[PDB]
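Q: here are the coordinates; sequence isn't available:
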């Protein structure tokens, strides 16, 4: 349908970059945490 076609194009170059940046932010947030 239209939704599948419009969502199939939402993956391109900056998407991977922002995903990796979010992963790094999660890693540093876990590192900051102190038990």
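A: Sure thing, it's come through. Residues are numbered from 1 along each chain as shown.
Q: can you count the residues close to residue 5?
A: 8 (other C-beta atoms under 10 Å). Heads up, the C-betas are built off the backbone N, CA and C, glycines and all.
Q: any residues touching the helix or strand it falls within, and which ones?
A: Residue 5 belongs to helix 2-8 when elements are defined using DSSP states H and E. Helix 2-8 is contacted from outside by no residue at all, using C-beta atoms under 8 Å, 6 or more residues apart in numbering.
Q: buried residues in the helix or strand following it?
A: The helix or strand immediately downstream of helix 2-8 is helix 13-32, counting by DSSP H and E. Neighbour-count burial for helix 13-32 flags no residue at all (criterion: 16 or more other C-beta atoms under 10 Å).
Q: Check the offset of helix 13-32 from the chain's centre.
A: Computed by C-alpha atoms, centre = their mean, to the nearest Å, the chain-centroid distance of helix 13-32 equals 7 Å.
Q: Just name whatever secondary elements it is in contact with.
A: The helices and strands touching helix 13-32, judged by 3 or more C-beta pairs under 8 Å, 6 or more residues apart in numbering; DSSP states H and E, number zero.
Q: and residue 10, how many neighbours?
A: Number of residues near residue 10 (other C-beta under 10 Å) recorded here: 7.
Q: residues contacting it?
A: Counting by C-beta under 8 Å, 6+ apart, residue 10 has no contacts.
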